[PDB]
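Peer 1: Contents are compact mmCIF, C-alpha atoms and all ligand atoms; file name work20.txt:
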```
# COMPACT_ATOMS: atom_id res chain seq x y z
CA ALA F 2 0.00 0.00 0.00
CA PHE F 3 1.95 3.01 1.26
CA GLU F 4 5.39 4.02 0.20
CA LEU F 5 8.24 6.21 1.31
CA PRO F 6 8.29 9.45 -0.75
CA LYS F 7 11.62 10.55 -2.13
CA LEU F 8 13.18 13.69 -0.72
CA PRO F 9 12.81 16.77 -3.00
CA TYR F 10 16.48 17.74 -2.42
CA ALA F 11 19.79 16.26 -1.38
CA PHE F 12 20.46 15.18 2.22
CA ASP F 13 22.79 18.14 2.62
CA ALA F 14 20.61 20.79 0.82
CA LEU F 15 19.44 22.34 4.13
CA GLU F 16 22.87 22.67 5.82
CA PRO F 17 23.89 24.60 7.83
CA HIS F 18 20.41 24.66 9.44
CA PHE F 19 19.49 20.92 9.34
CA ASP F 20 22.48 18.55 9.19
CA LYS F 21 22.84 16.03 6.38
CA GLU F 22 23.32 12.97 8.67
CA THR F 23 20.02 13.63 10.39
CA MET F 24 18.23 14.18 7.05
CA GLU F 25 19.40 10.74 5.82
CA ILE F 26 18.57 8.86 9.09
CA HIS F 27 15.33 10.76 9.64
CA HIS F 28 14.02 9.97 6.18
CA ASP F 29 15.57 6.56 5.27
CA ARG F 30 15.17 4.90 8.66
CA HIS F 31 12.59 6.71 10.85
CA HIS F 32 10.13 7.60 8.14
CA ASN F 33 10.54 4.25 6.39
CA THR F 34 9.79 2.41 9.71
CA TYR F 35 6.54 4.36 10.03
CA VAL F 36 5.63 3.15 6.52
CA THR F 37 6.45 -0.54 7.27
CA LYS F 38 4.52 -0.65 10.51
CA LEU F 39 1.67 1.35 8.91
CA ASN F 40 1.30 -1.16 6.07
CA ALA F 41 1.36 -4.06 8.53
CA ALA F 42 -1.48 -2.47 10.62
CA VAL F 43 -3.81 -1.76 7.67
CA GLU F 44 -3.30 -4.87 5.50
CA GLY F 45 -6.55 -6.87 5.28
CA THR F 46 -8.64 -3.95 6.57
CA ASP F 47 -10.89 -1.31 5.08
CA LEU F 48 -8.12 1.25 5.65
CA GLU F 49 -5.82 -0.37 3.03
CA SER F 50 -7.26 1.45 0.04
CA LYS F 51 -7.61 4.77 1.89
CA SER F 52 -5.41 7.81 1.60
CA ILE F 53 -3.19 8.66 4.52
CA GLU F 54 -5.08 11.98 5.01
CA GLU F 55 -8.44 10.14 4.98
CA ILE F 56 -7.11 7.61 7.61
CA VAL F 57 -5.74 10.33 9.95
CA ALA F 58 -8.75 12.67 9.58
CA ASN F 59 -11.02 9.73 10.60
CA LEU F 60 -8.72 8.12 13.12
CA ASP F 61 -11.50 8.25 15.73
CA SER F 62 -13.38 5.62 13.60
CA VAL F 63 -10.49 3.18 13.27
CA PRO F 64 -11.19 -0.17 15.04
CA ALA F 65 -9.89 -0.27 18.65
CA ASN F 66 -7.50 -3.17 18.00
CA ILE F 67 -5.36 -1.30 15.40
CA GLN F 68 -6.15 2.24 16.45
CA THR F 69 -2.90 2.90 18.33
CA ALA F 70 -0.71 1.26 15.59
CA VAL F 71 -2.43 3.45 12.91
CA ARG F 72 -2.48 6.53 15.10
CA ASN F 73 1.25 6.25 15.65
CA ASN F 74 2.54 5.03 12.31
CA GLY F 75 -0.17 6.65 10.11
CA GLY F 76 0.57 9.79 12.05
CA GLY F 77 4.25 9.18 11.34
CA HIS F 78 3.72 8.62 7.63
CA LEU F 79 1.54 11.76 7.19
CA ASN F 80 3.58 14.01 9.39
CA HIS F 81 6.92 13.23 7.78
CA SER F 82 5.51 13.27 4.20
CA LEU F 83 4.30 16.82 4.91
CA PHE F 84 7.59 17.73 6.66
CA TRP F 85 9.91 16.93 3.72
CA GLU F 86 7.67 18.91 1.33
CA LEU F 87 7.46 21.83 3.81
CA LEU F 88 11.24 22.28 3.76
CA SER F 89 13.35 24.05 1.10
CA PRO F 90 16.97 25.02 0.44
CA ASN F 91 15.82 28.47 -0.68
CA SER F 92 12.90 29.56 1.52
CA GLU F 93 11.26 32.88 0.55
CA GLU F 94 9.22 34.54 3.34
CA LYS F 95 6.46 35.68 0.97
CA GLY F 96 3.09 34.60 -0.38
CA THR F 97 -0.52 34.08 0.65
CA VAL F 98 0.04 32.74 4.17
CA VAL F 99 2.96 35.06 5.11
CA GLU F 100 0.48 37.85 4.34
CA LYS F 101 -2.39 36.26 6.38
CA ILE F 102 0.18 35.74 9.18
CA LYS F 103 1.29 39.36 8.95
CA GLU F 104 -2.35 40.55 9.23
CA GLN F 105 -3.30 38.23 12.15
CA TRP F 106 -0.13 38.55 14.26
CA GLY F 107 1.09 42.02 13.21
CA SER F 108 4.58 40.83 12.22
CA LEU F 109 6.05 37.61 10.87
CA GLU F 110 8.45 37.98 13.87
CA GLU F 111 5.59 38.10 16.38
CA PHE F 112 4.28 34.92 14.80
CA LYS F 113 7.69 33.16 15.08
CA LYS F 114 7.91 34.14 18.71
CA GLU F 115 4.57 32.45 19.53
CA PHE F 116 5.32 29.35 17.37
CA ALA F 117 8.74 28.99 19.08
CA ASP F 118 7.38 29.24 22.67
CA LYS F 119 4.72 26.67 21.97
CA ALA F 120 7.14 24.36 20.13
CA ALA F 121 9.68 24.62 22.97
CA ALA F 122 6.93 24.01 25.54
CA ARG F 123 5.87 20.65 24.01
CA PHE F 124 7.00 18.18 26.70
CA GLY F 125 8.30 14.87 25.31
CA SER F 126 7.89 13.82 21.71
CA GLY F 127 5.61 15.84 19.39
CA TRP F 128 5.00 18.44 16.59
CA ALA F 129 4.23 22.13 16.44
CA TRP F 130 1.63 23.16 13.87
CA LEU F 131 0.20 26.16 12.07
CA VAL F 132 -3.36 25.14 11.29
CA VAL F 133 -6.48 26.65 9.75
CA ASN F 134 -9.55 26.19 11.95
CA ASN F 135 -12.74 27.06 10.05
CA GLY F 136 -11.00 29.93 8.16
CA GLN F 137 -8.82 31.15 11.14
CA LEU F 138 -5.07 30.55 11.64
CA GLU F 139 -3.78 29.20 14.95
CA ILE F 140 -0.70 27.55 16.46
CA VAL F 141 -1.22 24.17 18.20
CA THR F 142 1.03 21.37 19.34
CA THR F 143 0.34 17.63 19.51
CA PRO F 144 2.03 14.64 21.29
CA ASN F 145 3.97 11.96 19.50
CA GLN F 146 2.63 11.55 15.87
CA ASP F 147 -0.83 12.92 16.49
CA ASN F 148 -2.07 15.39 13.83
CA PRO F 149 -4.71 18.22 14.17
CA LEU F 150 -6.54 16.86 11.12
CA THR F 151 -7.84 14.19 13.52
CA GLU F 152 -9.66 17.03 15.28
CA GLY F 153 -10.77 18.64 11.99
CA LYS F 154 -8.03 21.30 11.74
CA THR F 155 -6.00 21.43 8.51
CA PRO F 156 -2.26 21.73 9.16
CA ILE F 157 -0.36 23.99 6.74
CA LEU F 158 3.01 24.09 8.54
CA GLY F 159 4.58 21.72 11.03
CA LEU F 160 7.88 21.44 12.87
CA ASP F 161 9.02 17.98 14.20
CA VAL F 162 10.17 18.37 17.85
CA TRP F 163 11.02 14.66 18.47
CA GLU F 164 14.61 14.62 19.68
CA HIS F 165 15.69 12.57 16.64
CA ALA F 166 14.95 15.64 14.45
CA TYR F 167 17.62 17.80 16.15
CA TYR F 168 19.83 15.88 18.59
CA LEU F 169 22.90 15.19 16.41
CA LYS F 170 23.54 18.80 15.64
CA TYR F 171 21.65 20.57 18.49
CA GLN F 172 21.56 18.09 21.41
CA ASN F 173 19.36 19.66 24.10
CA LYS F 174 19.10 23.15 22.54
CA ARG F 175 15.71 22.77 20.94
CA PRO F 176 15.32 26.62 20.80
CA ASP F 177 18.31 26.80 18.42
CA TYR F 178 16.78 24.17 16.15
CA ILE F 179 13.46 26.05 15.99
CA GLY F 180 15.44 29.18 15.14
CA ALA F 181 17.27 27.37 12.27
CA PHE F 182 13.92 26.02 10.84
CA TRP F 183 12.78 29.52 9.70
CA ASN F 184 15.63 29.60 7.13
CA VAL F 185 14.32 26.41 5.44
CA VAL F 186 10.52 26.83 5.50
CA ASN F 187 8.85 26.04 2.16
CA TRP F 188 6.31 28.86 2.12
CA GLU F 189 5.15 27.83 -1.38
CA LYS F 190 4.03 24.47 0.02
CA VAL F 191 2.46 26.26 3.02
CA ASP F 192 0.47 28.32 0.51
CA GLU F 193 -0.56 25.23 -1.49
CA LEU F 194 -1.95 23.60 1.71
CA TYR F 195 -3.78 26.77 2.82
CA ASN F 196 -5.33 27.37 -0.61
CA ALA F 197 -6.48 23.70 -0.72
CA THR F 198 -8.89 24.55 2.21
CA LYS F 199 -10.65 27.24 0.07
CA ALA H 2 15.45 22.88 48.00
CA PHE H 3 16.21 20.14 45.47
CA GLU H 4 19.66 19.78 44.11
CA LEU H 5 21.26 18.10 41.20
CA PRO H 6 22.76 14.87 42.58
CA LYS H 7 26.38 14.14 41.86
CA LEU H 8 27.17 11.15 39.62
CA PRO H 9 28.63 8.16 41.46
CA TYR H 10 31.24 7.61 38.71
CA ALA H 11 33.07 9.49 35.91
CA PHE H 12 31.30 10.73 32.74
CA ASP H 13 33.26 8.19 30.71
CA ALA H 14 32.93 5.35 33.35
CA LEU H 15 30.14 3.61 31.41
CA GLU H 16 31.87 3.49 27.97
CA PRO H 17 31.70 1.76 25.60
CA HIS H 18 28.06 1.22 26.49
CA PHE H 19 26.84 4.79 27.17
CA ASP H 20 29.13 7.51 25.64
CA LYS H 21 30.66 10.24 27.81
CA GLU H 22 29.23 13.20 25.83
CA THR H 23 25.74 11.87 26.44
CA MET H 24 26.32 11.29 30.17
CA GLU H 25 27.63 14.80 30.58
CA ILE H 26 24.76 16.45 28.62
CA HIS H 27 22.15 14.09 30.03
CA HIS H 28 23.21 14.89 33.57
CA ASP H 29 24.40 18.56 33.38
CA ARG H 30 21.67 19.91 31.11
CA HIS H 31 18.66 17.63 30.86
CA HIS H 32 18.60 16.56 34.51
CA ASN H 33 19.61 20.00 35.75
CA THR H 34 16.73 21.58 33.82
CA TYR H 35 14.28 19.18 35.54
CA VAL H 36 15.74 20.34 38.86
CA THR H 37 15.54 24.08 38.03
CA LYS H 38 11.88 23.85 36.92
CA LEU H 39 10.82 21.59 39.80
CA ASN H 40 12.30 24.10 42.20
CA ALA H 41 10.20 26.85 40.54
CA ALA H 42 7.01 24.78 40.83
CA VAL H 43 7.41 23.89 44.59
CA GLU H 44 9.17 26.88 46.17
CA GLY H 45 7.54 28.30 49.26
CA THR H 46 5.09 25.33 49.47
CA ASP H 47 4.46 22.09 51.45
CA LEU H 48 6.24 20.08 48.79
CA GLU H 49 9.51 22.01 48.99
CA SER H 50 10.88 20.17 52.05
CA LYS H 51 9.40 16.73 51.11
CA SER H 52 11.37 13.94 49.35
CA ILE H 53 11.00 13.62 45.59
CA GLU H 54 9.66 10.04 45.91
CA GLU H 55 6.72 11.06 48.17
CA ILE H 56 5.88 14.04 45.91
CA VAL H 57 5.72 11.77 42.85
CA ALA H 58 3.93 9.02 44.68
CA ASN H 59 1.14 11.43 45.79
CA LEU H 60 1.02 13.38 42.56
CA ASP H 61 -2.70 12.59 42.31
CA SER H 62 -3.39 15.00 45.17
CA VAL H 63 -0.98 17.79 44.12
CA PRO H 64 -3.07 20.95 43.30
CA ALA H 65 -4.14 21.15 39.61
CA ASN H 66 -2.25 24.49 39.06
CA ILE H 67 1.24 22.90 39.56
CA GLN H 68 0.44 19.27 38.84
CA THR H 69 1.85 19.28 35.31
CA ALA H 70 5.15 20.98 36.18
CA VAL H 71 5.62 18.61 39.21
CA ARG H 72 4.63 15.60 37.17
CA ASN H 73 7.06 16.42 34.39
CA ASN H 74 10.00 17.93 36.19
CA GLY H 75 9.57 16.11 39.50
CA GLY H 76 9.12 12.87 37.61
CA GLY H 77 12.16 13.99 35.67
CA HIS H 78 14.14 14.65 38.81
CA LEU H 79 13.15 11.25 40.33
CA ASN H 80 13.62 9.09 37.25
CA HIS H 81 17.12 10.39 36.55
CA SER H 82 18.26 10.26 40.20
CA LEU H 83 17.29 6.53 40.14
CA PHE H 84 18.85 6.07 36.76
CA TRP H 85 22.36 7.26 37.74
CA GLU H 86 22.37 5.03 40.89
CA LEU H 87 21.02 2.10 38.79
CA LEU H 88 24.08 2.12 36.57
CA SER H 89 27.63 0.95 37.38
CA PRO H 90 31.04 0.53 35.69
CA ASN H 91 31.45 -2.68 37.77
CA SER H 92 28.17 -4.44 36.91
CA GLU H 93 27.60 -8.00 38.16
CA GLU H 94 24.62 -10.22 37.27
CA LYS H 95 23.83 -11.68 40.76
CA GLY H 96 21.81 -11.10 43.96
CA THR H 97 18.31 -11.30 45.49
CA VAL H 98 16.51 -9.87 42.47
CA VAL H 99 18.51 -11.75 39.80
CA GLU H 100 17.45 -14.93 41.69
CA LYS H 101 13.77 -13.84 41.85
CA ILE H 102 13.95 -13.12 38.07
CA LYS H 103 15.50 -16.51 37.45
CA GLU H 104 12.54 -18.06 39.43
CA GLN H 105 9.81 -15.99 37.71
CA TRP H 106 10.93 -15.79 34.04
CA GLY H 107 12.97 -19.02 33.91
CA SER H 108 16.21 -17.21 33.01
CA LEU H 109 17.88 -13.84 32.85
CA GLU H 110 17.86 -13.96 29.05
CA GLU H 111 14.12 -14.61 28.99
CA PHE H 112 13.46 -11.65 31.33
CA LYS H 113 15.76 -9.54 29.19
CA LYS H 114 13.81 -10.46 26.08
CA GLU H 115 10.53 -9.36 27.62
CA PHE H 116 12.14 -6.17 29.01
CA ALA H 117 13.77 -5.37 25.65
CA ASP H 118 10.53 -5.89 23.66
CA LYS H 119 8.51 -3.63 25.97
CA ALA H 120 11.22 -0.96 26.08
CA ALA H 121 11.40 -1.00 22.27
CA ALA H 122 7.54 -0.82 21.99
CA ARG H 123 7.27 2.42 24.10
CA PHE H 124 6.21 4.96 21.45
CA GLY H 125 7.66 8.42 21.92
CA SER H 126 9.47 9.53 24.96
CA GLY H 127 9.33 7.32 28.09
CA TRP H 128 10.91 4.83 30.50
CA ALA H 129 10.88 1.03 30.87
CA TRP H 130 10.54 -0.27 34.44
CA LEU H 131 10.86 -3.43 36.57
CA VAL H 132 8.33 -2.95 39.38
CA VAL H 133 7.16 -4.77 42.57
CA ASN H 134 3.41 -5.10 42.62
CA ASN H 135 1.42 -7.45 44.88
CA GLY H 136 4.65 -9.26 45.88
CA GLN H 137 5.46 -10.22 42.22
CA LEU H 138 7.71 -8.64 39.58
CA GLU H 139 6.14 -7.04 36.52
CA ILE H 140 7.62 -5.18 33.51
CA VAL H 141 5.86 -1.92 32.57
CA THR H 142 6.71 1.24 30.54
CA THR H 143 5.48 4.80 31.20
CA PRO H 144 5.15 7.92 29.00
CA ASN H 145 7.47 10.94 29.28
CA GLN H 146 8.61 11.34 32.96
CA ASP H 147 5.70 9.41 34.51
CA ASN H 148 6.86 6.95 37.26
CA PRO H 149 4.94 3.81 38.37
CA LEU H 150 5.17 5.04 42.02
CA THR H 151 2.29 7.38 41.13
CA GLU H 152 0.10 4.29 40.37
CA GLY H 153 1.34 2.64 43.66
CA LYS H 154 4.03 0.39 42.19
CA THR H 155 7.56 0.54 43.46
CA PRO H 156 10.16 0.60 40.70
CA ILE H 157 13.44 -1.29 41.21
CA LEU H 158 15.07 -1.04 37.79
CA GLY H 159 14.51 1.70 35.15
CA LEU H 160 15.70 2.39 31.59
CA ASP H 161 15.36 5.90 29.95
CA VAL H 162 14.22 5.43 26.33
CA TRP H 163 13.95 9.21 25.65
CA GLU H 164 15.96 9.67 22.44
CA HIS H 165 18.33 12.04 24.27
CA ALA H 166 19.63 8.97 26.22
CA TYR H 167 20.90 7.15 23.14
CA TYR H 168 20.81 9.27 19.99
CA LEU H 169 24.37 10.50 19.99
CA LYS H 170 25.80 6.95 19.98
CA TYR H 171 23.01 4.72 18.65
CA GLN H 172 20.83 7.15 16.63
CA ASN H 173 17.63 5.25 15.74
CA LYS H 174 19.00 1.89 16.97
CA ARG H 175 17.12 1.79 20.28
CA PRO H 176 17.45 -2.06 20.56
CA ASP H 177 21.29 -1.80 20.44
CA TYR H 178 21.10 0.70 23.27
CA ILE H 179 18.88 -1.63 25.37
CA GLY H 180 21.48 -4.30 24.58
CA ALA H 181 24.32 -2.21 25.93
CA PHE H 182 22.34 -1.27 29.05
CA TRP H 183 22.59 -4.85 30.46
CA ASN H 184 26.36 -4.39 30.82
CA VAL H 185 26.00 -1.40 33.20
CA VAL H 186 23.04 -2.41 35.40
CA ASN H 187 23.87 -1.97 39.01
CA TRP H 188 22.07 -5.01 40.35
CA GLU H 189 23.35 -4.21 43.87
CA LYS H 190 21.08 -1.10 43.73
CA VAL H 191 18.19 -3.12 42.25
CA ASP H 192 18.48 -5.46 45.33
CA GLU H 193 18.46 -2.52 47.72
CA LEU H 194 15.24 -1.06 46.16
CA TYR H 195 13.58 -4.54 46.05
CA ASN H 196 14.52 -5.31 49.66
CA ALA H 197 13.20 -1.91 50.75
CA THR H 198 9.64 -3.11 49.80
CA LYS H 199 9.76 -5.97 52.30
MN MN T 1 10.43 12.74 12.98
MN MN T 2 16.53 11.35 30.30
```
As structure tokens, how would this structure be written, given the file I've shared?
Peer 2:
Amino acid sequence: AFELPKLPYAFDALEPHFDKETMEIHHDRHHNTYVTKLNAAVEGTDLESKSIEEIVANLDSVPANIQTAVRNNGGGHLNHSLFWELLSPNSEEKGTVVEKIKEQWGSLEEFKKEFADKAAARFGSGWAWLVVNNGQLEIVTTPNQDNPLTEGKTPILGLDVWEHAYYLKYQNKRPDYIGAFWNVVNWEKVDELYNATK
Amino acid sequence: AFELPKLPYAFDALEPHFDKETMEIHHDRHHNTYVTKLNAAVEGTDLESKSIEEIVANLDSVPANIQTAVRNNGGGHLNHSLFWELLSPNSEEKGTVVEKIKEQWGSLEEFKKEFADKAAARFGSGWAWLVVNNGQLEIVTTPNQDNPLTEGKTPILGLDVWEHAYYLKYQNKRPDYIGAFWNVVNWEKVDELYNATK
């Protein structure tokens, strides 16, 4: 069923912000494992022929016996597939969302400050998200590989704050990693995901 | 009130099992942060002059306004204080508990298998525990910095499977880390904690 998407750039395309060793491991091992376990959980079930977005949006309906496996690895598959596409070696802070951000938060900087506090505050493994909730933009975080789509909020930007995403280059300094992320945001993709809600 | 406990050995004393850079960061930053934040949550209160074990044990009646900070950072302070004392550069597979394990699981290698499978199955950030409950041994894992003492079960052995504990040396290879752990278990301390429940 599901497959591991190829990266849209080289492992080292995001240095010096995200290190090449991490990009390789993160994608080829961690993501891939999410795919393997996800396929095992869904094979033989109604979920097999569903899209990853459809599975995660309707995770509350998934049978109790495979719900955790799908929640965690389906989560994993969706979240990382989004993540790779939301990164870019030549981020431009412009476009539809940067403008909606500017209008809602006053500055792009004010927005980053709020995103960074919430992302740093996520205790344990999780993700920080910019989501649209019924037309309105808001910053939420989730534990582990949970995704706001499960609660009917469309994510348009996400940062992975599992320690495996930053430890090799940043060790404990998660605030420095979040700071480096801004330089590699794929705002074009962010736009594409926002405009898909309209 | 609370203080960062000193390590009973050198930063490099557990090599080649747990690397020295990890031990230093793990102890000086990660554990220290749990201590700083716990101190902020309990200062000027009842809890300040209590022992970390009794705080964590009676977390369920700690007022809802500081519960999360105590749970996370107190739990953090407890779990790591146990962890450092539960490790040794002079590890020796004998004693009261080894014998009980032998009796209950059949062998050490059987008990290790079940411990290693559960430790590897803990999704996200967490700990794997050997606990005394109802005068029997039981393997359980907990999320984040939760400790089975809160659910009335006395832990006697504990393994940190937060990615910070192993990423620098093992990266994604959590099983290899669990494998190395066996070589530095301080079973003299496990005996002491087990015998304290009698
Ligand atoms: Mn990840
Ligand atoms: Mn730890």
Peer 1: Within 6 Å of chain F, which residues of chain H come that close, and what is the closest atom pair and distance in Å for each? Count only C-alpha atoms and give it as a Markdown table.
Peer 2:
```
| residue | atom | partner | partner_atom | distance |
| --- | --- | --- | --- | --- |
| H:125 | CA | F:126 | CA | 5.4 |
| H:126 | CA | F:125 | CA | 5.5 |
| H:145 | CA | F:125 | CA | 5.6 |
| H:164 | CA | F:164 | CA | 5.8 |
```
Peer 1: Suppose you want the space between atom CA of residue 152 of chain H and atom CA of residue 199 of chain H; what is it in Å?
Peer 2: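 Value for the atom CA of residue 152 of chain H-atom CA of residue 199 of chain H distance: 18.5 Å.
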Peer 1: Of the residues F:115, F:13, F:110, F:4, which is the one nearest to residue 40 of chain F, using only C-alpha atoms?
Peer 2: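 Comparing F:115, F:13, F:110, F:4 against residue 40 of chain F, the winner is F:4.
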Peer 1: Calculate how many Å separate atom CA of residue 81 of chain H from atom CA of residue 6 of chain H, rounding to one decimal.
Peer 2: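 Those two atoms sit 9.4 Å apart.
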Peer 1: When you count only C-alpha atoms and all ligand atoms, which of these residues is closest to ligand MN 1 (chain T): F:95, F:21, F:103, F:32?
Peer 2: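 Counting only C-alpha atoms and all ligand atoms, the residue closest to ligand MN 1 (chain T) is F:32.
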Peer 1: If you count all atoms listed in the file, which residues fall within 9 Å of residue 29 of chain H, apart from same-chain ones fewer than 5 positions away, as a PyMOL selection string?
Peer 2: chain H and resi 5+24+34
Peer 1: With only C-alpha atoms as the counted atoms, please give the residues lying no more than 10 Å from residue 133 of chain H, apart from itself and same-chain residues fewer than 4 positions off, as a PyMOL selection string.
Peer 2: chain H and resi 137-140+149+153-158+194-195+198
Peer 1: From the set F:147, F:61, F:111, F:93, which residue has the shortest atom-to-atom contact distance to ligand MN 1 (chain T), counting only C-alpha atoms and all ligand atoms?
Peer 2: F:147
Peer 1: Name the residues in contact with segment 82-84 of chain H at a cut-off of 8 Å, using all atoms listed in the file, excluding same-chain residues fewer than 2 positions from it; report them as a PyMOL selection string.
Peer 2: chain H and resi 6+78-80+86-88+159-161
Peer 1: In Å, how far is it from atom CA of residue 41 of chain H to atom CA of residue 122 of chain F?
Peer 2: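 Computing the Euclidean distance for atom CA of residue 41 of chain H and atom CA of residue 122 of chain F yields 15.6 Å.
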Peer 1: Which polymer residues, whether protein, DNA or RNA, lie within 10 Å of the coordinate (23.7, -1.1, 26.3) when you count all atoms listed in the file? List them as a PyMOL selection string, using the chain letters and numbers from the file.
Peer 2: chain H and resi 15-19+167+171+175-186
Peer 1: Using only C-alpha atoms and all ligand atoms for the distances, tell me which of F:197, F:129, F:109, F:98 is nearest to ligand MN 1 (chain T).
Peer 2: F:129
